[PDB]
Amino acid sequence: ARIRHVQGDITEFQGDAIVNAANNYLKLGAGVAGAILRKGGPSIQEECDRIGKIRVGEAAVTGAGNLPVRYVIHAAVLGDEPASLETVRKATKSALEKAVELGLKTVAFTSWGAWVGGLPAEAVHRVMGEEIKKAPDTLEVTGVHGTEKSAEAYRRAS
């Protein structure tokens, strides 16, 4: 799949879905997940509670409540297993699978930076970019960044 990198707030993304890095318990916490809980409304966490725990590396789909997208795809990157480069790759891959299975076209990611605190930056980027390019061309991915400087730096790398 093609990826474009832009500056923005993922809670503002217009399209089919946004990906949300998560613990495998699907309990949402601070940061973007926080923006998702608040801008999205309680229905996101309710469904996550109705879904229950999944495995690390797996993904789960819920509605997006009040966001301007149809779905949130929660990608389990840690929880009862610590974050690793391997959980990142799998979670990324699992999330893209859910998107294809759902017949979606447009999907957004954030950098996941807050979740990968002790992994080498360039490795995380590599594996995620590898899984994204692998996904079918029926999917158009957006990478959403807080700052223009960062958005541009991702663009350059490609």
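Just count from 1 along the sequence shown to find any residue number.
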> Per the PDB record, is the mean Cα temperature factor higher over 93 to 101 or over 119 to 127?
Replying inline: 119 to 127
> In the PDB record, does 110 to 118 or 55 to 63 carry the higher mean Cα temperature factor?
Replying inline: 110 to 118
>> Maximum C-alpha temperature factor per the entry, among 44, 132, 35, 28, belongs to which one?
In response: 35
> What's the residue among 9, 148, 16, 137 with the greatest CA temperature factor in the PDB record?
Replying inline: 137
> What third of its chain, lowest, middle or highest, does the C-alpha temperature factor of residue 76 fall into?
Replying inline: lowest
